$ cat structure-v1.pdb   # PDB, C-alpha atoms
ATOM      1  CA  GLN X   1       0.000   0.000   0.000
ATOM      2  CA  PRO X   2       1.290   3.547  -0.741
ATOM      3  CA  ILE X   3       2.045   6.166   1.894
ATOM      4  CA  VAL X   4      -0.974   8.508   2.033
ATOM      5  CA  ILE X   5      -0.435  12.229   2.646
ATOM      6  CA  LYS X   6      -3.686  13.978   3.433
ATOM      7  CA  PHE X   7      -3.009  17.696   2.815
ATOM      8  CA  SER X   8      -5.819  19.747   4.372
ATOM      9  CA  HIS X   9      -6.205  23.488   3.967
ATOM     10  CA  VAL X  10      -8.881  26.158   4.381
ATOM     11  CA  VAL X  11      -8.634  28.092   1.089
ATOM     12  CA  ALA X  12     -10.252  27.742  -2.323
ATOM     13  CA  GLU X  13      -8.542  25.734  -5.062
ATOM     14  CA  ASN X  14      -7.847  28.747  -7.317
ATOM     15  CA  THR X  15      -5.487  30.449  -4.859
ATOM     16  CA  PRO X  16      -1.710  30.362  -4.192
ATOM     17  CA  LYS X  17      -2.026  27.656  -1.519
ATOM     18  CA  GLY X  18      -4.757  25.758  -3.357
ATOM     19  CA  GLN X  19      -2.638  25.587  -6.523
ATOM     20  CA  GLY X  20       0.476  24.746  -4.513
ATOM     21  CA  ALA X  21      -1.181  21.775  -2.821
ATOM     22  CA  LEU X  22      -2.373  20.479  -6.209
ATOM     23  CA  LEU X  23       1.067  20.941  -7.780
ATOM     24  CA  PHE X  24       2.638  19.054  -4.880
ATOM     25  CA  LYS X  25       0.129  16.220  -5.515
ATOM     26  CA  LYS X  26       0.920  16.192  -9.253
ATOM     27  CA  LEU X  27       4.704  16.150  -8.905
ATOM     28  CA  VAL X  28       4.679  13.604  -6.068
ATOM     29  CA  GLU X  29       2.432  11.191  -7.993
ATOM     30  CA  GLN X  30       4.574  11.607 -11.109
ATOM     31  CA  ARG X  31       7.859  10.931  -9.301
ATOM     32  CA  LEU X  32       6.628   8.497  -6.612
ATOM     33  CA  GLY X  33       3.611   6.870  -8.305
ATOM     34  CA  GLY X  34       2.330   3.842  -6.362
ATOM     35  CA  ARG X  35       4.584   4.698  -3.407
ATOM     36  CA  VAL X  36       3.077   8.000  -2.231
ATOM     37  CA  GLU X  37      -0.400   9.436  -2.771
ATOM     38  CA  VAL X  38      -1.364  13.008  -1.919
ATOM     39  CA  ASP X  39      -5.042  13.546  -1.058
ATOM     40  CA  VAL X  40      -5.799  17.294  -1.123
ATOM     41  CA  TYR X  41      -8.720  18.665   0.886
ATOM     42  CA  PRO X  42      -9.399  22.362   0.198
ATOM     43  CA  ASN X  43     -11.924  24.833   1.671
ATOM     44  CA  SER X  44     -11.911  23.223   5.132
ATOM     45  CA  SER X  45     -13.485  20.091   3.585
ATOM     46  CA  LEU X  46     -11.473  17.858   5.945
ATOM     47  CA  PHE X  47     -10.539  20.212   8.808
ATOM     48  CA  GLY X  48     -11.038  23.926   9.434
ATOM     49  CA  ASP X  49      -8.822  26.376  11.328
ATOM     50  CA  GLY X  50     -10.132  25.276  14.717
ATOM     51  CA  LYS X  51      -9.302  21.578  14.412
ATOM     52  CA  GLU X  52      -6.539  21.132  11.822
ATOM     53  CA  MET X  53      -3.570  21.340  14.227
ATOM     54  CA  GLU X  54      -5.087  18.844  16.658
ATOM     55  CA  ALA X  55      -5.742  16.494  13.738
ATOM     56  CA  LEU X  56      -2.136  16.813  12.544
ATOM     57  CA  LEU X  57      -0.808  15.915  15.994
ATOM     58  CA  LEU X  58      -3.163  12.899  16.186
ATOM     59  CA  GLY X  59      -2.024  11.713  12.736
ATOM     60  CA  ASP X  60      -5.478  12.206  11.164
ATOM     61  CA  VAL X  61      -3.897  14.454   8.520
ATOM     62  CA  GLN X  62      -0.252  14.507   7.336
ATOM     63  CA  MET X  63       0.310  18.008   5.884
ATOM     64  CA  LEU X  64      -1.031  21.501   6.561
ATOM     65  CA  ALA X  65      -0.033  25.006   5.507
ATOM     66  CA  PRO X  66      -1.578  27.408   8.054
ATOM     67  CA  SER X  67      -1.154  31.146   8.100
ATOM     68  CA  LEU X  68       1.813  32.308  10.189
ATOM     69  CA  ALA X  69      -0.774  34.122  12.348
ATOM     70  CA  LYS X  70      -2.176  30.845  13.707
ATOM     71  CA  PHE X  71       0.644  29.258  15.740
ATOM     72  CA  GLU X  72       0.478  31.087  19.120
ATOM     73  CA  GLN X  73      -0.707  27.925  20.929
ATOM     74  CA  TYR X  74       2.502  26.146  19.864
ATOM     75  CA  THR X  75       5.158  28.897  19.659
ATOM     76  CA  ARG X  76       5.311  32.693  20.019
ATOM     77  CA  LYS X  77       8.342  32.910  17.732
ATOM     78  CA  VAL X  78       6.269  33.284  14.549
ATOM     79  CA  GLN X  79       3.975  36.108  15.740
ATOM     80  CA  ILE X  80       6.599  38.599  14.430
ATOM     81  CA  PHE X  81       4.924  38.015  11.050
ATOM     82  CA  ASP X  82       1.668  39.550  12.359
ATOM     83  CA  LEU X  83       3.153  42.920  13.381
ATOM     84  CA  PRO X  84       1.589  45.627  11.161
ATOM     85  CA  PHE X  85       3.921  47.388   8.726
ATOM     86  CA  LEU X  86       6.936  45.351   9.825
ATOM     87  CA  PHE X  87       7.439  44.264   6.182
ATOM     88  CA  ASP X  88       7.026  46.818   3.390
ATOM     89  CA  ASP X  89       6.254  44.202   0.737
ATOM     90  CA  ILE X  90       6.521  40.487  -0.045
ATOM     91  CA  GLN X  91      10.134  40.878  -1.145
ATOM     92  CA  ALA X  92      10.951  42.035   2.411
ATOM     93  CA  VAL X  93       9.037  39.100   3.876
ATOM     94  CA  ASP X  94      10.900  36.716   1.594
ATOM     95  CA  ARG X  95      14.308  38.095   2.639
ATOM     96  CA  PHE X  96      13.468  37.414   6.270
ATOM     97  CA  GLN X  97      11.998  33.959   5.637
ATOM     98  CA  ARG X  98      14.967  32.842   3.532
ATOM     99  CA  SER X  99      17.581  34.141   6.020
ATOM    100  CA  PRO X 100      19.165  31.827   8.655
ATOM    101  CA  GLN X 101      16.935  33.513  11.267
ATOM    102  CA  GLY X 102      13.792  32.918   9.201
ATOM    103  CA  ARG X 103      14.732  29.326   8.449
ATOM    104  CA  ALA X 104      15.289  28.651  12.156
ATOM    105  CA  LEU X 105      11.579  29.330  12.760
ATOM    106  CA  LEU X 106      10.756  26.209  10.702
ATOM    107  CA  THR X 107      11.811  24.106  13.735
ATOM    108  CA  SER X 108      10.255  26.404  16.357
ATOM    109  CA  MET X 109       7.579  23.766  17.133
ATOM    110  CA  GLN X 110       9.672  20.603  16.798
ATOM    111  CA  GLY X 111       9.372  20.057  20.572
ATOM    112  CA  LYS X 112       5.591  19.975  20.069
ATOM    113  CA  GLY X 113       5.941  17.367  17.291
ATOM    114  CA  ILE X 114       5.503  19.781  14.348
ATOM    115  CA  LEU X 115       8.039  20.241  11.549
ATOM    116  CA  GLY X 116       8.071  23.183   9.133
ATOM    117  CA  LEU X 117       9.101  22.343   5.553
ATOM    118  CA  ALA X 118       8.752  25.647   3.670
ATOM    119  CA  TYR X 119       7.256  29.109   3.552
ATOM    120  CA  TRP X 120       4.596  29.846   0.913
ATOM    121  CA  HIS X 121       3.479  33.346   0.036
ATOM    122  CA  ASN X 122      -0.070  34.565  -0.346
ATOM    123  CA  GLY X 123       0.255  38.342  -0.264
ATOM    124  CA  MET X 124      -0.188  41.613   1.566
ATOM    125  CA  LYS X 125      -3.300  42.275   3.621
ATOM    126  CA  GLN X 126      -5.871  44.931   2.795
ATOM    127  CA  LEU X 127      -8.733  46.309   4.898
ATOM    128  CA  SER X 128     -12.453  45.993   4.255
ATOM    129  CA  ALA X 129     -15.603  47.365   5.851
ATOM    130  CA  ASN X 130     -19.197  48.460   5.222
ATOM    131  CA  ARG X 131     -18.014  52.098   5.337
ATOM    132  CA  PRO X 132     -15.007  53.889   3.703
ATOM    133  CA  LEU X 133     -11.636  53.438   5.434
ATOM    134  CA  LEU X 134      -9.775  56.573   4.370
ATOM    135  CA  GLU X 135      -7.869  57.329   7.569
ATOM    136  CA  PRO X 136      -7.345  55.298  10.770
ATOM    137  CA  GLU X 137     -10.063  57.190  12.635
ATOM    138  CA  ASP X 138     -12.567  55.563  10.255
ATOM    139  CA  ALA X 139     -11.884  52.161  11.857
ATOM    140  CA  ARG X 140     -12.982  53.390  15.293
ATOM    141  CA  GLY X 141     -15.959  51.468  16.698
ATOM    142  CA  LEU X 142     -16.063  48.848  13.907
ATOM    143  CA  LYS X 143     -15.987  45.064  14.449
ATOM    144  CA  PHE X 144     -13.191  43.266  12.613
ATOM    145  CA  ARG X 145     -12.858  39.569  12.034
ATOM    146  CA  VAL X 146      -9.301  38.413  12.670
ATOM    147  CA  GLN X 147      -7.415  35.151  12.514
ATOM    148  CA  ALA X 148      -6.820  33.548  15.919
ATOM    149  CA  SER X 149      -3.889  35.801  16.890
ATOM    150  CA  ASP X 150      -3.294  37.984  19.956
ATOM    151  CA  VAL X 151      -1.246  40.370  17.806
ATOM    152  CA  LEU X 152      -4.115  40.898  15.377
ATOM    153  CA  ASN X 153      -6.606  41.346  18.210
ATOM    154  CA  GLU X 154      -4.366  44.086  19.614
ATOM    155  CA  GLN X 155      -3.887  45.641  16.167
ATOM    156  CA  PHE X 156      -7.568  46.550  15.908
ATOM    157  CA  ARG X 157      -7.845  47.481  19.586
ATOM    158  CA  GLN X 158      -5.107  50.054  18.883
ATOM    159  CA  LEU X 159      -7.520  51.552  16.319
ATOM    160  CA  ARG X 160     -10.250  51.663  19.010
ATOM    161  CA  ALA X 161     -12.151  48.908  17.202
ATOM    162  CA  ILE X 162     -13.532  45.546  18.326
ATOM    163  CA  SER X 163     -11.984  42.329  17.055
ATOM    164  CA  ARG X 164     -13.491  38.873  16.824
ATOM    165  CA  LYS X 165     -11.388  35.769  16.237
ATOM    166  CA  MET X 166     -13.175  33.533  13.720
ATOM    167  CA  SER X 167     -12.224  30.537  11.593
ATOM    168  CA  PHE X 168     -11.626  31.381   7.940
ATOM    169  CA  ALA X 169     -14.568  29.325   6.663
ATOM    170  CA  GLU X 170     -16.992  31.483   8.685
ATOM    171  CA  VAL X 171     -15.938  34.979   7.541
ATOM    172  CA  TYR X 172     -18.651  35.407   4.901
ATOM    173  CA  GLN X 173     -21.419  34.351   7.313
ATOM    174  CA  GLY X 174     -19.942  36.525  10.075
ATOM    175  CA  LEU X 175     -20.039  39.654   7.919
ATOM    176  CA  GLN X 176     -23.417  38.773   6.427
ATOM    177  CA  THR X 177     -25.039  38.372   9.872
ATOM    178  CA  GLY X 178     -23.237  41.439  11.230
ATOM    179  CA  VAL X 179     -21.399  39.814  14.185
ATOM    180  CA  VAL X 180     -18.458  41.468  12.384
ATOM    181  CA  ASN X 181     -18.596  44.322   9.844
ATOM    182  CA  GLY X 182     -14.967  44.563   8.644
ATOM    183  CA  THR X 183     -11.877  42.400   8.238
ATOM    184  CA  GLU X 184      -8.410  42.176   6.689
ATOM    185  CA  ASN X 185      -7.129  39.753   4.070
ATOM    186  CA  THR X 186      -5.456  39.307   0.692
ATOM    187  CA  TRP X 187      -7.332  40.012  -2.521
ATOM    188  CA  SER X 188      -7.198  36.307  -3.372
ATOM    189  CA  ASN X 189      -8.923  35.270  -0.143
ATOM    190  CA  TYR X 190     -11.511  38.028  -0.408
ATOM    191  CA  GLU X 191     -12.578  37.229  -3.961
ATOM    192  CA  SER X 192     -12.327  33.430  -3.838
ATOM    193  CA  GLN X 193     -14.643  33.358  -0.794
ATOM    194  CA  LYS X 194     -16.899  36.061  -2.306
ATOM    195  CA  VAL X 195     -16.480  38.231   0.793
ATOM    196  CA  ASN X 196     -16.569  41.265  -1.505
ATOM    197  CA  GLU X 197     -20.324  40.567  -1.786
ATOM    198  CA  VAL X 198     -20.698  41.607   1.880
ATOM    199  CA  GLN X 199     -17.969  44.298   1.998
ATOM    200  CA  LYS X 200     -18.598  47.417  -0.079
ATOM    201  CA  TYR X 201     -15.338  49.186   0.741
ATOM    202  CA  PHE X 202     -11.735  48.080   0.499
ATOM    203  CA  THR X 203      -8.612  50.064   1.325
ATOM    204  CA  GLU X 204      -5.329  48.939  -0.256
ATOM    205  CA  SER X 205      -3.381  49.416   2.953
ATOM    206  CA  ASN X 206      -0.736  46.671   2.541
ATOM    207  CA  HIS X 207      -0.557  46.812   6.357
ATOM    208  CA  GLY X 208       0.381  43.187   6.972
ATOM    209  CA  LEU X 209       0.609  39.852   5.216
ATOM    210  CA  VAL X 210      -0.839  36.417   4.883
ATOM    211  CA  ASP X 211       1.921  33.817   4.373
ATOM    212  CA  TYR X 212       2.080  30.157   5.282
ATOM    213  CA  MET X 213       4.325  27.620   6.883
ATOM    214  CA  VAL X 214       3.940  24.210   5.255
ATOM    215  CA  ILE X 215       4.029  21.755   8.175
ATOM    216  CA  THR X 216       3.847  18.066   8.899
ATOM    217  CA  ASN X 217       3.727  15.688  11.837
ATOM    218  CA  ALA X 218       7.338  15.099  12.921
ATOM    219  CA  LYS X 219       6.760  11.429  13.828
ATOM    220  CA  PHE X 220       5.170  10.786  10.414
ATOM    221  CA  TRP X 221       7.896  12.630   8.507
ATOM    222  CA  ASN X 222      10.753  11.054  10.488
ATOM    223  CA  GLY X 223       9.046   7.685   9.966
ATOM    224  CA  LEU X 224       9.245   7.874   6.156
ATOM    225  CA  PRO X 225      11.882   5.874   4.225
ATOM    226  CA  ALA X 226      14.833   8.247   3.788
ATOM    227  CA  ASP X 227      14.591   8.399  -0.017
ATOM    228  CA  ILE X 228      10.903   9.327   0.115
ATOM    229  CA  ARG X 229      11.485  12.063   2.687
ATOM    230  CA  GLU X 230      14.402  13.507   0.696
ATOM    231  CA  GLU X 231      12.457  13.421  -2.594
ATOM    232  CA  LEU X 232       9.383  14.991  -0.978
ATOM    233  CA  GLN X 233      11.561  17.864   0.288
ATOM    234  CA  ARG X 234      13.080  18.455  -3.165
ATOM    235  CA  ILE X 235       9.582  18.483  -4.689
ATOM    236  CA  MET X 236       8.423  20.862  -1.943
ATOM    237  CA  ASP X 237      11.256  23.287  -2.779
ATOM    238  CA  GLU X 238      10.247  23.243  -6.458
ATOM    239  CA  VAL X 239       6.569  23.792  -5.670
ATOM    240  CA  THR X 240       7.488  26.697  -3.359
ATOM    241  CA  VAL X 241       9.167  28.513  -6.252
ATOM    242  CA  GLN X 242       6.053  28.209  -8.453
ATOM    243  CA  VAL X 243       3.772  29.314  -5.625
ATOM    244  CA  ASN X 244       5.993  32.251  -4.738
ATOM    245  CA  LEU X 245       6.417  33.168  -8.435
ATOM    246  CA  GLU X 246       2.676  33.366  -9.151
ATOM    247  CA  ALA X 247       1.286  34.597  -5.814
ATOM    248  CA  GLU X 248       1.401  38.281  -6.778
ATOM    249  CA  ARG X 249      -0.368  37.516 -10.082
ATOM    250  CA  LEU X 250      -3.235  35.560  -8.515
ATOM    251  CA  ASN X 251      -3.703  38.432  -6.072
ATOM    252  CA  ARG X 252      -3.626  40.963  -8.915
ATOM    253  CA  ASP X 253      -6.190  38.874 -10.822
ATOM    254  CA  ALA X 254      -8.381  38.732  -7.711
ATOM    255  CA  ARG X 255      -8.244  42.535  -7.358
ATOM    256  CA  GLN X 256      -9.433  42.780 -10.968
ATOM    257  CA  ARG X 257     -12.315  40.361 -10.241
ATOM    258  CA  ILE X 258     -13.325  42.448  -7.220
ATOM    259  CA  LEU X 259     -13.520  45.547  -9.390
ATOM    260  CA  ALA X 260     -15.478  43.630 -12.037
ATOM    261  CA  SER X 261     -17.995  42.482  -9.408
ATOM    262  CA  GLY X 262     -19.684  45.897  -9.428
ATOM    263  CA  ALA X 263     -20.511  45.831  -5.707
ATOM    264  CA  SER X 264     -17.246  47.027  -4.095
ATOM    265  CA  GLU X 265     -14.817  49.900  -4.419
ATOM    266  CA  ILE X 266     -11.102  50.090  -3.707
ATOM    267  CA  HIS X 267      -9.416  53.119  -2.149
ATOM    268  CA  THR X 268      -5.663  53.404  -2.797
ATOM    269  CA  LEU X 269      -3.288  55.408  -0.618
ATOM    270  CA  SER X 270      -0.622  58.012  -1.259
ATOM    271  CA  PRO X 271       2.730  57.349   0.518
ATOM    272  CA  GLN X 272       1.694  59.997   3.058
ATOM    273  CA  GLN X 273      -1.724  58.413   3.660
ATOM    274  CA  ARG X 274      -0.032  55.041   4.161
ATOM    275  CA  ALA X 275       2.382  56.644   6.640
ATOM    276  CA  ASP X 276      -0.648  57.867   8.631
ATOM    277  CA  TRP X 277      -2.028  54.342   8.935
ATOM    278  CA  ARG X 278       1.430  53.113   9.929
ATOM    279  CA  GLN X 279       1.729  55.801  12.622
ATOM    280  CA  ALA X 280      -1.612  54.696  14.091
ATOM    281  CA  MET X 281      -0.968  50.937  14.025
ATOM    282  CA  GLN X 282       2.775  50.674  14.784
ATOM    283  CA  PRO X 283       2.266  51.471  18.523
ATOM    284  CA  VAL X 284       0.874  47.945  18.882
ATOM    285  CA  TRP X 285       4.471  46.641  18.605
ATOM    286  CA  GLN X 286       4.866  47.993  22.208
ATOM    287  CA  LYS X 287       2.636  45.120  23.404
ATOM    288  CA  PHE X 288       4.928  42.551  21.711
ATOM    289  CA  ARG X 289       8.547  43.438  22.522
TER     290      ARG X 289
END

$ encode --input "structure-v1.pdb" --output "structure tokens"
Amino acid sequence: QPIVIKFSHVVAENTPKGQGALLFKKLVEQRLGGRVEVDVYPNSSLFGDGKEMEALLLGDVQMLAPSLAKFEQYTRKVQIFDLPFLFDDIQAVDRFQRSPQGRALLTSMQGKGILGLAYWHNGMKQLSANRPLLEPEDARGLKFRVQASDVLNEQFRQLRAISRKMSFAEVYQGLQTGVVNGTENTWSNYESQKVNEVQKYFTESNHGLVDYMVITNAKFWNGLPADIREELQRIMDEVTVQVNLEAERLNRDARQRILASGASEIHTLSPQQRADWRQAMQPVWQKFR
């Protein structure tokens, strides 16, 4: 019987991570046919945000690629990636991730039985709401959905807003019902989940990022025949390049689809206007020294 790798994730198929998981499946089955099978479960069809890590540790799934914002229960070393305006752009993020210091974070949870294999990009985060977000004051009193991160909770509290941690699958319903009325995410995630249908206003703030750490269960990975593990890592490195090469494009395409939807508008910022948002949000770094 072949070795089965269930790769669960929470995003749509036509996204950076969705395409990366499928490419990993394709290349693995082409190079290790009959020896390894990759079973990809997108859109939280196997496990959502709230249960995927527990499943990985129990061996009920073999590969995940969660947002870097979602690891606080296992390590605090990755929450640096949540700090607003710490990285100007994805190139800056990449430089950190690829450095010795960034690569060291891949083993930050090894003591918990989790091994990081790679970083995958999605893109920069934008803001959305049911009212225009021109200047930081506009966020005051709103209710933002955030990923399950203390840093992101504090980010919106700094803007005198309410935050609500919610699993990614539930964002559309949360905004539709009104338990939240704004959020932050990449264009790709907004459009692929149709959240633009319940958010009339977007601001291209580029105030943070959504990137992933591809992870596996250490016992499972260490348990593989050496050749299979080594080949899987080489394939992973190749997939990472294709994901990282196309991520900006898919996000640009998504922005175009949002504009073509007819029901949302996008506000862009001057360098000065962006500096104003930075000035208002950067004080949150004082809570995470």

$ atom_distance --input "structure-v1.pdb" --atom1 "atom CA of residue X:8" --atom2 "atom CA of residue X:102"
24.1 Å

$ closest_residue --input "structure-v1.pdb" --among "X:249, X:207, X:289, X:219" --to "residue X:277" --atoms "all atoms listed in the file"
X:207

$ atom_distance --input "structure-v1.pdb" --atom1 "atom CA of residue X:32" --atom2 "atom CA of residue X:235"
10.6 Å

$ resolve_selection --input "structure-v1.pdb" --expression "the PyMOL selection byres ((chain X and resi 9-16) around 6)" --output "PyMOL selection string"
chain X and resi 8+17-19+42-44+48+122+243+247

$ atom_distance --input "structure-v1.pdb" --atom1 "atom CA of residue X:132" --atom2 "atom CA of residue X:182"
10.6 Å

$ residues_near_point --input "structure-v1.pdb" --point "(-7.3, 35.1, 15.6)" --cutoff "10 Å" --atoms "only C-alpha atoms" --output "PyMOL selection string"
chain X and resi 49+69-72+145-153+163-168

$ resolve_selection --input "structure-v1.pdb" --expression "the PyMOL selection byres ((chain X and resi 213) around 9)" --output "number ranges by chain"
X: 64-68, 106, 116-121, 211-212, 214-215

$ write_last_selection --input "structure-v1.pdb" --atoms "C-alpha atoms" --output "PDB file, in the coordinates of the input"
ATOM      1  CA  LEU X  64      -1.031  21.501   6.561  1.00  0.00           C
ATOM      2  CA  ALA X  65      -0.033  25.006   5.507  1.00  0.00           C
ATOM      3  CA  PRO X  66      -1.578  27.408   8.054  1.00  0.00           C
ATOM      4  CA  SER X  67      -1.154  31.146   8.100  1.00  0.00           C
ATOM      5  CA  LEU X  68       1.813  32.308  10.189  1.00  0.00           C
ATOM      6  CA  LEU X 106      10.756  26.209  10.702  1.00  0.00           C
ATOM      7  CA  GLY X 116       8.071  23.183   9.133  1.00  0.00           C
ATOM      8  CA  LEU X 117       9.101  22.343   5.553  1.00  0.00           C
ATOM      9  CA  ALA X 118       8.752  25.647   3.670  1.00  0.00           C
ATOM     10  CA  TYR X 119       7.256  29.109   3.552  1.00  0.00           C
ATOM     11  CA  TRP X 120       4.596  29.846   0.913  1.00  0.00           C
ATOM     12  CA  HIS X 121       3.479  33.346   0.036  1.00  0.00           C
ATOM     13  CA  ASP X 211       1.921  33.817   4.373  1.00  0.00           C
ATOM     14  CA  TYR X 212       2.080  30.157   5.282  1.00  0.00           C
ATOM     15  CA  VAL X 214       3.940  24.210   5.255  1.00  0.00           C
ATOM     16  CA  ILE X 215       4.029  21.755   8.175  1.00  0.00           C
TER      17      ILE X 215
END

$ closest_residue --input "structure-v1.pdb" --among "X:53, X:262, X:236, X:84" --to "residue X:22" --atoms "all atoms listed in the file"
X:236

$ residues_near_point --input "structure-v1.pdb" --point "(4.4, 36.9, 6.7)" --cutoff "6 Å" --atoms "only C-alpha atoms" --output "ChimeraX atom specification"
/X:81,93,209-211

$ residues_around --input "structure-v1.pdb" --residues "residue X:24" --least-positions-apart "6" --cutoff "10 Å" --atoms "all atoms listed in the file" --output "number ranges by chain"
X: 7, 30, 38, 40, 232, 235-240

$ closest_residue --input "structure-v1.pdb" --among "X:27, X:281, X:179, X:258" --to "residue X:233" --atoms "only C-alpha atoms"
X:27

$ closest_atom_pairs --input "structure-v1.pdb" --of "stretch 112-143 of chain X" --to "stretch 187-199 of chain X" --cutoff "8 Å" --atoms "only C-alpha atoms" --output "CSV"
residue,atom,partner,partner_atom,distance
X:122,CA,X:188,CA,7.9
X:125,CA,X:187,CA,7.7
X:126,CA,X:187,CA,7.4
X:128,CA,X:199,CA,6.2
X:129,CA,X:199,CA,5.5
X:130,CA,X:199,CA,5.4

$ resolve_selection --input "structure-v1.pdb" --expression "the PyMOL selection byres ((chain X and resi 135-142) around 12)" --output "JSON, numbers by chain"
{"X": [127, 128, 129, 130, 131, 132, 133, 134, 143, 144, 145, 155, 156, 157, 158, 159, 160, 161, 162, 163, 164, 175, 178, 179, 180, 181, 182, 183, 184, 201, 203, 204, 205, 207, 267, 268, 269, 270, 272, 273, 274, 275, 276, 277, 278, 279, 280, 281, 282]}

$ closest_residue --input "structure-v1.pdb" --among "X:51, X:217, X:29, X:34" --to "residue X:63" --atoms "all atoms listed in the file"
X:217

$ residues_around --input "structure-v1.pdb" --residues "residue X:33" --least-positions-apart "3" --cutoff "12 Å" --atoms "only C-alpha atoms" --output "PyMOL selection string"
chain X and resi 1-4+25-30+36-38+228

$ write_last_selection --input "structure-v1.pdb" --atoms "C-alpha atoms" --output "mmCIF file, keeping the file's coordinate frame"
data_model
loop_
_atom_site.group_PDB
_atom_site.id
_atom_site.type_symbol
_atom_site.label_atom_id
_atom_site.label_comp_id
_atom_site.auth_asym_id
_atom_site.auth_seq_id
_atom_site.Cartn_x
_atom_site.Cartn_y
_atom_site.Cartn_z
ATOM 1 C CA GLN X 1 0.000 0.000 0.000
ATOM 2 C CA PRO X 2 1.290 3.547 -0.741
ATOM 3 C CA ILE X 3 2.045 6.166 1.894
ATOM 4 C CA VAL X 4 -0.974 8.508 2.033
ATOM 5 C CA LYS X 25 0.129 16.220 -5.515
ATOM 6 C CA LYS X 26 0.920 16.192 -9.253
ATOM 7 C CA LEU X 27 4.704 16.150 -8.905
ATOM 8 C CA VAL X 28 4.679 13.604 -6.068
ATOM 9 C CA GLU X 29 2.432 11.191 -7.993
ATOM 10 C CA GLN X 30 4.574 11.607 -11.109
ATOM 11 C CA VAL X 36 3.077 8.000 -2.231
ATOM 12 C CA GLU X 37 -0.400 9.436 -2.771
ATOM 13 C CA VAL X 38 -1.364 13.008 -1.919
ATOM 14 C CA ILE X 228 10.903 9.327 0.115
#

$ closest_residue --input "structure-v1.pdb" --among "X:61, X:242, X:111, X:52" --to "residue X:39" --atoms "all atoms listed in the file"
X:61

$ axis_aligned_box --input "structure-v1.pdb" --around "stretch 8-19 of chain X" --padding-each-side "5 Å" --output "JSON"
{"center_x": -6.0, "center_y": 25.1, "center_z": -1.5, "size_x": 18.5, "size_y": 20.7, "size_z": 21.7}

$ build_atoms --input "structure-v1.pdb" --residues "stretch 244-258 of chain X" --atoms "N, CA and C atoms" --output "compact mmCIF listing (two decimals), in the frame of the given file"
# COMPACT_ATOMS: atom_id res chain seq x y z
N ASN X 244 5.48 30.94 -5.06
CA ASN X 244 5.99 32.25 -4.74
C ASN X 244 6.11 33.10 -6.01
N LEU X 245 6.28 32.46 -7.17
CA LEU X 245 6.42 33.17 -8.44
C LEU X 245 5.08 33.74 -8.90
N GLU X 246 3.99 33.02 -8.62
CA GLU X 246 2.68 33.37 -9.15
C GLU X 246 1.78 34.08 -8.14
N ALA X 247 2.16 34.09 -6.86
CA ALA X 247 1.29 34.60 -5.81
C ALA X 247 0.83 36.03 -6.10
N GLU X 248 1.75 36.89 -6.55
CA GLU X 248 1.40 38.28 -6.78
C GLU X 248 0.36 38.36 -7.89
N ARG X 249 0.54 37.55 -8.94
CA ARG X 249 -0.37 37.52 -10.08
C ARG X 249 -1.78 37.15 -9.64
N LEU X 250 -1.92 36.03 -8.92
CA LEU X 250 -3.24 35.56 -8.52
C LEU X 250 -3.94 36.63 -7.69
N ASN X 251 -3.17 37.33 -6.86
CA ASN X 251 -3.70 38.43 -6.07
C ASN X 251 -4.10 39.59 -6.98
N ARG X 252 -3.28 39.89 -7.99
CA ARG X 252 -3.63 40.96 -8.91
C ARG X 252 -4.90 40.59 -9.68
N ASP X 253 -5.01 39.33 -10.11
CA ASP X 253 -6.19 38.87 -10.82
C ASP X 253 -7.42 39.02 -9.93
N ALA X 254 -7.28 38.64 -8.66
CA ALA X 254 -8.38 38.73 -7.71
C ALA X 254 -8.84 40.18 -7.54
N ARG X 255 -7.89 41.13 -7.49
CA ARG X 255 -8.24 42.54 -7.36
C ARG X 255 -9.09 42.95 -8.56
N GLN X 256 -8.69 42.47 -9.75
CA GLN X 256 -9.43 42.78 -10.97
C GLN X 256 -10.85 42.21 -10.88
N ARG X 257 -11.00 40.98 -10.36
CA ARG X 257 -12.32 40.36 -10.24
C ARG X 257 -13.18 41.11 -9.23
N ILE X 258 -12.56 41.67 -8.19
CA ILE X 258 -13.32 42.45 -7.22
C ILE X 258 -13.87 43.69 -7.91
